Every structure is written in structure tokens, then in C-alpha cells.
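Mind having a look at this structure? Questions to follow.
Neighbour counts are summed over all protein chains in view; Cβ atoms, including those assigned to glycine, are modelled from backbone coordinates with ideal geometry. A short reminder: the numbers here are calculations on the coordinates, not readings from a lab.
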Amino acid sequence: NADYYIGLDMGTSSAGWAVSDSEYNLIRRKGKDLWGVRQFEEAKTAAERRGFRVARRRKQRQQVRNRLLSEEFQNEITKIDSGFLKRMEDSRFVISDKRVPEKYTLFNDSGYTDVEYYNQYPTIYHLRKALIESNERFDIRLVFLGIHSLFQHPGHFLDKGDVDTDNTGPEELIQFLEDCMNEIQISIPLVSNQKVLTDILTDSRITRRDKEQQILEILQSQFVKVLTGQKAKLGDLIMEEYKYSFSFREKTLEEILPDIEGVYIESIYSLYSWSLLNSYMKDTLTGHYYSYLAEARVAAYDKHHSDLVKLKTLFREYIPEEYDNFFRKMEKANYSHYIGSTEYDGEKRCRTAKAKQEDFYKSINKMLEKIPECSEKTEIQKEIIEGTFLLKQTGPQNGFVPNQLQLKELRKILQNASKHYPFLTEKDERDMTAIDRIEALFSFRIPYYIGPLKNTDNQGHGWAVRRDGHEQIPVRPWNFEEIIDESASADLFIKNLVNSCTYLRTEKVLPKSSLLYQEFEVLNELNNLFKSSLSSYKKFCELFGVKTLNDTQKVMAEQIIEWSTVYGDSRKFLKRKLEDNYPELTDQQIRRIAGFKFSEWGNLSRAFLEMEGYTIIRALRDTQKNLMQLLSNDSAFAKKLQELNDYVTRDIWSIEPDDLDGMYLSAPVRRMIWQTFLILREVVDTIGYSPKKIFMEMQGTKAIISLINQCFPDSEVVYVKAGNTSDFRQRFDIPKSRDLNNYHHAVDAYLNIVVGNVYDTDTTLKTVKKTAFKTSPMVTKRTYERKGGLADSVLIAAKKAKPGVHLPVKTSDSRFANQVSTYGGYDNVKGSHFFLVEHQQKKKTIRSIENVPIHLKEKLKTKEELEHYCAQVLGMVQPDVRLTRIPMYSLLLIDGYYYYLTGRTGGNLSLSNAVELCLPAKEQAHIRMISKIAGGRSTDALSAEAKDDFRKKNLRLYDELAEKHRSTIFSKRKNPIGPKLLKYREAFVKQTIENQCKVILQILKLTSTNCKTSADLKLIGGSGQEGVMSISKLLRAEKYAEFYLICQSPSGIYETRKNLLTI
DNA sequence: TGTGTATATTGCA
RNA sequence: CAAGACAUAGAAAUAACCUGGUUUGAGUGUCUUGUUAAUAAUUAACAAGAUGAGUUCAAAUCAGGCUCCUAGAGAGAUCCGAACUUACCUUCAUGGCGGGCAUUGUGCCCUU
DNA sequence: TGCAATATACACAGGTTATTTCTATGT
């Protein structure tokens, strides 16, 4: 009949919608005004979820490496201690919960135990120093332990250098760099200023650029502009534009060895290599440097010891009564809290969370104040400012340690053991000894383009290409090149990220430098008639010799463009592809191919460009053609498109589950669009026909107008300029009080229908004004099942953990699931949804609303499953599940007041206000103006007689807001506020303007549906968390006069009240 | 942020 | 003078890494007096006084799922598991969710 | 002598490399 309109105000946390005819005056359906505010939560991005996924895979890989490393030492360790590998696995458990009841974690011999092992080696670095320096035959368990600790702390893999160097001081290798004097003679001042040259380049805190400028002032390309880390020009390497620029940070000389072949020759690597390894290993007492990182930590261990005796003497000499509170006692950020353990008065060790030195340093500064100034006090205060006082080896500050620095200790420890344990040098079928495998395991990490090495089910992101006959074979560092087709899988990694075709949907686009795609741009410009060019042909005819490309070298040429784009840089792939497939090209030909680099992709695919309409690429050639009429309905090429992809537009009207995937939409936008569809799908069907127009307002909107244009094609979607609606609120006096209620979202959607259809194209104003101030809009909240973490991410202390309330470490392990107060557990166990169960408590039939935990959601879907859960776990007598799913934030009507079932509070149910406050339109402007003063704007620069008006207007509002909480719907809440609002009335007058306007907004937090109901009415004398309402878990029929559950559809058109006291 | 949740305080008959 | 050469900055998705952190356990605490105990003096228990140490390691790190067993505080695999989707009712259908007035306080009328 | 209604405290995070989409600038 009469076509209607739909306006939308779509936002990341709420979607407002409105329905109107050609003359506003909202359409009426099911006896309701057809507008409302669909509210929900902002959708979480996948970045956090990806954080745990990669962390899980990293933990999985670290567990395999620990397993494989243990199998290398498995046979030799068994000869002395069979259970050593299993003793380490039994570490968390108390002596009564481990497989073998042995007290100590690692060593359980007669002479040697954990107490004796730490007397010889107080720290792991002390063990490693013995493992490296000493040539005595060590116990294989100690050798394994030293190697194992390096595996736990491998260091970063960012620095590309040659650990393989045996040993060479900076004085020695500089002499080699003096050689090759074919330069402008900068290589000799390498020896002259070597003392300043070595330390300045080694210094790890000097900025690399500032380090670069100062050194050349004494050495006066140059290679002195590359030590920072950047591309290096080959202008001076005995023969500019032939850069093949290598940056020492990005690529290894061995990797660039084929690149530099056929051309200050190679030793310039060593000086840069020296800087990376020895930057952080500089001795302070002397001028030299340590050899291995273990040697640098025993020295740091001894400085911390020397720092401790200074603090102990200072405290005992000056404040001996405060000595006991800082060292032999656990408090906030004292020394014991810093170390994380304490042992005094013969009591057991009190191991807790460790303190950060920032708060620990602050604790000494406040603690030295009561000591009069002296030499030691100034000296200790000096070190704290420098940050070198009482340092610990492990912590967030060890992000500098590279793998090559740790690889040096691995080789030295393994080499020192080969002279004593022959099992490390027994070769095998691959001619690899144990050392060749441990060293390979240590430094080998999967390259970023391989991804996960297995796809048990095709549900993950894995794309690795296993070679034929190598499936279901574990990948090792030595098996990596055989099992995994590294070139083929790296092709997929780039390919999967490539965009899809603009018109066709199943084929990836072609490179923008590909031959046929380079054409499509030029004939597009030919029709327009230059901003485009056809240059790949101009470029590729040099390689092939022939000036004009035939049809047998064009397919030759296009495979190179794809390879030079998919395999950009990383010449081990491009060169391998050419050499094996096409051995015809010579060395200069291959090197010239790497010379040009294109890595951009077009908007269209190869399959689309060669479609048999009656090839579209030739269609732009023979005729002049129109830019968009070629693929429009007026032509036969459009029909050819639909046959290639059987997918239909809009999918199905009633089925559009996840059509938003692949459109590069953030998770907040995807949820915000989807709930918009849940409304329109429910309005166009409740009404008979489809809306003539759709108005919307939130540049990614172009991706949004499109996918909705699929829905209801006959509609005329209109986008209204942002800020146009706010102009209507100004000139036509329609204030928007965002802090009052959520009705503005509906009005914003409603006004969207007004600015539109008038910007594009009586008493019209009166109808809009009357509608704009209506209380009609139906505000719904998206009910859902809570997703995310099952509980808190980290375990809490066993002292703070109690059974039943805290999720154990492992539920399937009876050791953890039964001793939550012994091993700790996960706090705040999140629940998915709620369900209603009727049980007999105190020999009386009552009902309670219990929750289904997120970790039990899948096995608790049926009523029989839920009843069994109540009987055994919840402990209910004769359970009878009446409702199986009460979602989170479900509407409840309790004693006439509407709430939201947000969560739970121990034995209670947390509720939030679901009722909208409605103040008269005159006080809407004052609240909007109150927020700005509380939001930062100052009342000091105000008229002396406009400020007494401020107090009185504020007084009237507080007096009015004291009435809605007294005699209105807002008087039926739990924990009422009206009695308390009058109680603090004398403190509302007796306060400044700013403070008495920061409580008005806090009061308004008690009648807002967007936030949890609570108020910071502490300025007027109440509490910072005031007004929280929380009913009991049990629905006693005598306590509540009524208790419903309003199940509303997303538009709210269909409601269903389920009396929780009956059904 | 903001909030779900355990935890704590406060009357109170 | 718009490309480009680049730089830098941010967002999104994915992959590969590091430092940790957290929890539990290990890293033997020792002396003095007093009280009360077992039994001339000791060994505990407890309380109050003191006192010396301290830097690390091991294992787990969403619950869990997956393969195989010949069912275990078992092996395997090293990847699935914190993002996105769901009102309610049914034969799970392009089904249903009665017909209408109000719209500042959660109502009213006609029907089943 | 609990006990219901109110009010309170608080939570894993800081870096790195690479790719592909997508902007922002000056340079």
C-alpha cells in the first residue's frame, strides 16, 4: 500500500531504528509505535583472542622442544637417575600428589639433593659458568640442566649475526678491517681510534644515529652511515643505482652471499656482528668485556649482594627498629616482597608474588627519609636514580638477550661435554650427531610464512604444504625442507592474503604489474579520452631480447610477474623458481629480474578478464565501449558473469548468517550491522511490503551501503551527512540529553528520516516535534550467552582460593579439581547464561535462577543434562528445570520494576536498571549543560548573577530527581535512593558549583540503562559505589508479588512474558 | 574503561 | 605536479618469536629466655625476645577437545580451545509469536 | 545469631619480526 521509510542510527554499542510513512507519524503495528533502540555491547576484536592462540602454540612448541631435548639425554640420564625426567614433570604437586614421593624437584640422591645443588651453584648462571669454563667431567644431569635452562630462555631471534666465530677481541679483527685500502683510507683510522671506536659502537644505550655521527668525526658510501641499521648503498665497493641494498639488521651476509657474488669486502660484517653480541656484555670494573652471558650474570649477582649489605648496614646503624619490617617480613614492596620469599623465626618459606622494583625503589626512598644524610645514603640514592641498585637477573628487563649470545654457551657446554660423554658424537642415518640436533632444535623457529604445520580438521588457519608421502610425519629442523614444501607453502601464505576479484568472487586478483592487467588500465583511459601506463611490456622485452613480445613468451613473462610479486624479496624463492623451471636464462638475466620489484595487486582476476561472453579484455579493444555499461544489464557480458558464480545477491532474505566475512570489517562493526539486520528482517515481515527508503548514519561506510543494498533491492538507501541531524536539534529546539536516557538513539534514527527526504527532496514541524519528545521508543538490550575466558586468566593464591567458587587448575585431574585450596585456582568463574530450576529446600518447593558456566556450556544444553547438573554439582533436592536458557542481560519484571539480569554476585543476582528516566523537556537542556561544567568547563568565568541561578536550577533538579525516586516507577526498586537523596539534601546546597554538578551526573547514573546502576555520591556524603541493586538467587513466591521474564525479539514487536513463579 | 564477581560491611529482629 | 622513491604514524586480520608474569613446589633457617609437656637432664609443643639468609630453578599456563588404546594421575599429535552468529514456541516451515488504543511511570479495549 | 540488604575491591602485559588489506601526513 502506502510505502514507508526506515531510519537508522547505527553505533558500536547501540542501534536505533524508526519506521515512518511519507509524512512521519510512525507506523503502528501490533499496537506499538514502530521505533526503538536496540542496545548491545561493543564487540571484542580478535586481537586478544589471537594473543592466546599464538601463546598457546608457542607453549606447545616449547613443550615439544623440551621433550625432544630430553630424549637426546634420555638414555645417558637413565644410567644414574631413571626418574629425573619424570621428577621434573612432578613439580607443582605436593609430595603426596606426585608419582614418586620425593621431596626435592630435581636432585634426590643421597649425597646430592636440591639443598646441596644450590650450595654449589646458588644460581643457574653459576652452573653455566662452571659448564663453560671447567673442563672437568660434569654430571650429565647438571649438563642437561644448564642446557635445559638455555632452552627455557633462548633469547630473541632478531639480530642476524655469526655466533660461529671462535673468539676474537675488538683489537684483533679491527686489524683485518684496516686491510683492503682501496677506499679513501677510512679503514686505517679503525685502528687509530679503536679504543673510542670499539666502546662507542658497543655502547647499548647511545642512540644509533648519534653514535653514527660522532665516530666519523674521528675517521674523517662510507659504511659509517649503516651501523644504525638501514639500507646500504653500493656506491663505493669498487663498482650506485645497483644497490641491492643490504641492511645488516635485516639480512645475514651468508643470505646475501649469492647477492654480493660477482661484484671492506666481508670483515665489515664482523664489526657490526661484534656490536650486537657484546653491546650488553661490557664489564664495568675493568675495560674489557665478558665472554659469555653467564659470566656477566655472576658479576651482576655479586653486585646485588654488595648492594644488599649496604642496605642492611644502613638500616641497622640508623633505624634498627625498622630493620625487621623491611627485610625479615613480607609487606607491600619491601625487600621480601621484591625477592618474593622470606624465611624467619624458623617458619616455612613464604613464597608470594614478587614486587616490581619501581614500587620497591619507592619503598626505600620513603624508608631512608628517617635516616640523616650521610655518604652511604647519598650513594644508595644515586644508584636508585641510575637504576642499578639491587638488581635481579630474571625479569622484564631481559628483552635484549639474543639467541646468538645464548648459542655461544650452548656450543661451549656441548663441546665441553663431547670430551667426556661420547653419546653426543655418535652419528646417525643423516650423519648428524646429538649436538647437531640439539643446536638445530635451539635456534630453529618456524618462519612466519609457514604457519602451523598441521590441520587435524580443516577448521584452523594452517596452510603448510606437505610433500607427497610425508603426511603425518613430525617436522623437525632437519626434516623441515623435506616434509614441508617451503616454496609451495610460502606461495599460499601470500596468496591467502590477496584480495578477491571485484566482480567474480572465488579467484584472487592479478598483480597490478601483470601484463594483461597493465592493459586494462590503458583501455580504460582510452575510453575516458595519461595517469596510467603500459610499462611491463616496455620492461619485459629487454629481458627476452625481442622488442615485440610473442604469445609464447607472454605466458613466460606473466609467471615471472606473479613470482616477483608473491615472492617479493626473499631471493631463495624467486631464484629457485627460475633456475629449476627455466634454465634458459643466464646469470645476468636472473639478476636483472630481481633488479625490478613490483609487489602490488590489482582489482580484478585473470578468470574475469578472459570470460567468454559470446574474452572481456578484447571487448574494450574492438569498440569504444562505456566504462560501466559493458557489464550492465544492457549487455550479454553481465549474464555471463552470473553463470560463473551461482551465488545470488543478498543470499536469502531470511538467511544471511555470516555474509559480512571477508569484507575487512572490524568486529564492533560486524555486530553493529548484524543487529541492524535482525531488526529490519523483523519489520519488513511484520509489515506487508518493503520500505521505499532507508536512512542511516554512523570512510568504511561505502562497504556498508553496499551489502545492505543487496537487502531489499527496491529500497532507495540514503546516507545522511554527519552533523546534519545535530543542526536540526539546534535550529528546531530538540535537545539531546545523552546522560538522561537512550531515547535519542531512536530520535536520531527518527530525525534521520526527516533530514533525509528533505535534503534530497502543513504542520510538518509539529508532527516531528511531537514525535521527538515521545516516550514510545522500545528500548531492548541484546540478550546473549557470555563468551570469552572461562575465569580469570591467571591463577590466584591457594590461600585466597576456596572450593566450588574457584575453577581448579585442571578439572579432569583429581589432584587439582579436589584441592583448589592447595594448588590455587581461577577466580571469577564466568557463567554463560542462566536457567530456572524448581527444587525442594527446607522441605518447601521454591525456585532459583542458577547459571551455566562457560566451561560447561556445551554439555549442559538439554533439560535432562541440566537436571543432572543440579542434582550432583549444585546439590538440589528433586530438581525440575523449568527454563533451559535465560540469557545474560535478560529483561525481568520484578515487583513492577524492570531490570537486567547482568551477572551474579555470589549467592545473589546482579541487576541493572531497565527503566528509562523521563524529565521534562526544559530540564533536558540543563542536564546537557551540567555535563559540560563537570566535563572540564569552568564556572569561574561566569556572571556573578548567573551563578546563583546555577545553584537554584541545580537545586530544582535534585529536588525533582528526589521525587521520581519517591512516588513513581523508580520507587519500586530494590535498595531505593529517594530516602537517601533527601538525606544528603543539605550537602547539595553547601558545596561548590563544580562539585554539586558532579553528583547530579552521578545521580543520573542510577536511572541509565547503558551502565551498571551505581553512583559516586561521595561529595554529598554517601558512598562511591551507591545504589547497586541485587536480589537473592531464590525466587520465593511470597517474597515477590510478581517475577516475570519478558522475552522480546530484537525489534521488540513480539514479547513473551514467562511467569518465573509458575513457568 | 566498565563491570562481573567475590567479598565486605551494615544493621537488625 | 601528479606519479614515484620513500619515510614515519595508526588501524584490522594472520603467522612466527622474546621477556616475563602468575600459581604450586623445591632451594634443610639458627640461637636466647619463659611457660607447659612427655622423660637428670633432654626431646618436642607453645609464647615472647632476638638473629642470619635472600637474586634462581622445575612444572603448568583458558576448562578442555582430537588420534590411538585394550582405559591410565596412558601414549600420540603440536593443533582445535578467550573473535564473530542465536528472543520465544513448535510438524523445525519462506513457520508461528490474536486484533487494536494509549505512551511521565508500565496501562486499556475487543478476542482465544 | 545469624542474616538480608548494601557497599566494596579489582582484573596478565611490555616488546619484536613478516605479510596483506586501509588511512594519514610531509619528504
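Cross-link candidates for A:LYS1012: which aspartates and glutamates have Cα within less than 12 Å, leaving aside residues fewer than 8 places away along the same chain?
A:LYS1012 reaches A:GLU1026.
Expressed as a fraction of 2.2 N^0.38 Å, the rule-of-thumb size for a compact globular protein of N residues, what is the C-alpha radius of gyration of chain A? Spell out each step's value before the answer.
Numbers: Rg = 37.1 Å, N = 1063, 2.2 N^0.38 = 31.1 Å.
Against the empirical 2.2 N^0.38 Å value, I get 1.19 for chain A.
Fewest to most neighbouring Cβ within 10 Å: what's the order for A:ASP569, A:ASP159?
Values: A:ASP569 13, A:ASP159 20.
Ordered by Cβ neighbours within 10 Å, fewest first: A:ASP569, A:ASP159.
Of A:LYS303/A:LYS332; A:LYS964/A:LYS1058; A:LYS538/A:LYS702; A:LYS512/A:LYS640; A:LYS332/A:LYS799, which ones are farther than 26 Å apart at the Cα? Don't skip to the end; give the middle numbers.
Values: A:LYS303/A:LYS332 24 Å; A:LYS964/A:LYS1058 28 Å; A:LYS538/A:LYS702 36 Å; A:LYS512/A:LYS640 24 Å; A:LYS332/A:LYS799 17 Å.
Table pairs above 26 Å Cα-Cα are A:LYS964/A:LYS1058; A:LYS538/A:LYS702.
A further question on this structure: About its Cα centre, how strong a charge dipole does segment A:915-1032 have in debye, to the nearest 20, once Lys and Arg get +1 and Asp and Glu get -1 at the Cβ? List each step's numbers first, then the result.
On the way: 22 positive and 13 negative charges, 64 e Å.
My answer is approximately 300 debye.
With +1 assigned to the C-beta of every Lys and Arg and -1 to the C-beta of every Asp and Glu, and no other charges, what is the dipole magnitude of chain A about the Cα centre in debye, to the nearest 20? Write down the numbers at each step before the final one.
Numbers: 158 positive and 144 negative charges, 1118 e Å.
That gives a dipole near 5360 debye.
Got a sec to turn the phi values of segment A:294-299 into Karplus ³J(HN,Hα) couplings, 6.51 cos²θ - 1.76 cosθ + 1.60 with θ = phi - 60°, whole Hz, x for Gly and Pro?
Along segment A:294-299, the couplings run 4, 5, 6, 8, 5, 5 Hz.
Further question: If you look at just the Cα atoms of segment A:349-455, how large are its Rg and its Dmax in Å?
So, for segment A:349-455, Rg and Dmax equal 23.7, 73 Å respectively.
On to the next question. For a quick check: sort A:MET181, A:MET696, A:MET628, A:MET330 by the number of other beta carbons within 10 angstrom, fewest at the front.
On the way: A:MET181 11, A:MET696 22, A:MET628 7, A:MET330 17.
Ascending number of Cβ neighbours within 10 Å: A:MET628, A:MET181, A:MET330, A:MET696.
What do you get for trypsin sites (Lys or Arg not before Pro) in segment A:84-161 restricted to DSSP loop and a cutoff of at most 15 other Cβ within 10 Å of the site's Cβ? Working shown, then result.
Details: sites: A:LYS86, A:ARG87, A:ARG92, A:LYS98, A:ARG99, A:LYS103, A:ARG128, A:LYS129, A:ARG137, A:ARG141, A:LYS160; in loops: A:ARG92, A:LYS98, A:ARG99, A:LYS103, A:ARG137, A:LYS160.
Passing both the DSSP loop test and the Cβ count: A:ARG92, A:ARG99, A:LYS103, A:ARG137.
Also, quick follow-up: Given the options A:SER536, A:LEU127, A:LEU892, identify the residue whose Cα lies farthest towards the positive end of the charge dipole of chain A (+1 on Cβ of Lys, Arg; -1 on Cβ of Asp, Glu).
The one lying farthest along the dipole's positive direction is A:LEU892.
Could you tell me the center-to-center distance, by alpha carbons, between segment A:898-971 and segment A:437-504 in angstrom?
A separation of 59 Å, based on Cα centres.
Can you tell me the dipole magnitude for segment A:498-644 around its Cα centre, using point charges on the Cβ only (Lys, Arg +1; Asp, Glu -1), in Debye to the nearest 20? Working shown, then result.
On the way: 22 positive and 19 negative charges, 77 e Å.
Dipole of segment A:498-644, to the nearest 20 debye: 380 debye.
Also, quick follow-up: Just from its helices, what would the mean residue ellipticity at 222 nm be for chain A, if runs of 4 or more DSSP H residues each count -39500 (n - 2.57) and the sum is divided by every residue, rounded to the nearest 500 deg cm²/dmol? It would help to have the intermediate numbers written out before the result.
Details: 43 runs with 422 residues, N = 1063.
Here the helix-only value at 222 nm equals -11500 deg cm²/dmol.
Using the count of nearby Cβ atoms within 10 Å as a rough guide to exposure, how do A:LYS231, A:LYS1058 rank from fewest to most? Write down the numbers at each step before the final one.
On the way: A:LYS231 12, A:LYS1058 15.
The order, fewest Cβ neighbours first, is A:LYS231, A:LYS1058.
Taking 32 Å as the cut-off for C-alpha to C-alpha distance, list the pairs among A:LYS362/A:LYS412; A:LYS781/A:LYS932; A:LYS554/A:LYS639; A:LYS508/A:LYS625 that go past it.
Working: A:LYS362/A:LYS412 41 Å; A:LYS781/A:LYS932 28 Å; A:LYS554/A:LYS639 30 Å; A:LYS508/A:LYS625 26 Å.
With Cα atoms farther than 32 Å apart: A:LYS362/A:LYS412.
With no solvent and one equal point scatterer per Cα, compute the Debye intensity ratio I(q)/I(0) for segment A:498-644 at 0.22 Å⁻¹ and report its log10, rounded to two decimals.
-1.44
Using the Karplus equation 6.51 cos²θ - 1.76 cosθ + 1.60 (θ = phi - 60°), what ³J(HN,Hα) coupling, rounded to whole Hz, does each residue of segment A:381-390 give in order, writing x for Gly and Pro?
4, 5, 5, 4, 5, 5, x, 10, 9, 6
At most 10 other Cβ atoms within 10 Å and a DSSP loop assignment: could you name the GluC sites (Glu not before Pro) in segment A:409-468 that fit? Numbers along the way, then the final one.
Working: sites: A:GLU409, A:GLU426, A:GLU429, A:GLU439; in loops: A:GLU426, A:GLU429.
Passing sites in segment A:409-468 are A:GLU426, A:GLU429.
Which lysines does A:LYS251 reach when only Cα atoms under 18 Å apart count, and residues fewer than 8 places away in its own chain are ignored?
Cross-link targets: A:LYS160, A:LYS225, A:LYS231, A:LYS233, A:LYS243, A:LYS572, A:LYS575, A:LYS597.
Could you tell me what percent of the DSSP beta bridges with both partners in chain A are antiparallel, to the nearest 5?
Roughly 85 percent of the DSSP beta bridges within chain A come out antiparallel.
Roughly how many Å is it from the Cα centre of segment A:195-235 to that of segment A:42-59, as a whole number?
What the calculation gives is 40 Å, centre to centre.
Here is a follow-up. What whole number of Å gives the distance from the Cα centroid of segment A:577-632 to the Cα centroid of segment A:74-130?
65 Å
Residue by residue through segment A:94-101, which ³J(HN,Hα) values in whole Hz follow from phi under the Karplus form 6.51 cos²θ - 1.76 cosθ + 1.60 (θ = phi - 60°), with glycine and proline marked x?
5, 4, 8, 10, 8, 4, 10, x
Then there is this: Below 15 Å, Cα to Cα, which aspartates and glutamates can A:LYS859 reach? Residues fewer than 8 away in the same chain don't count.
Those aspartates and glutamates meeting the cut-off are A:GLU785, A:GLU867.
Beyond 29 Å between alpha-carbons counts as too far, so tell me which of A:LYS354/A:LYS382; A:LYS103/A:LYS129; A:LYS408/A:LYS577; A:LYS947/A:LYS972; A:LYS282/A:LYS348 fall in that bin. Could the numbers behind the result be given before it?
Values: A:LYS354/A:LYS382 24 Å; A:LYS103/A:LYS129 27 Å; A:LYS408/A:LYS577 35 Å; A:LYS947/A:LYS972 36 Å; A:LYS282/A:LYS348 39 Å.
Long pairs (Cα-Cα over 29 Å): A:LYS408/A:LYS577; A:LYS947/A:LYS972; A:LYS282/A:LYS348.
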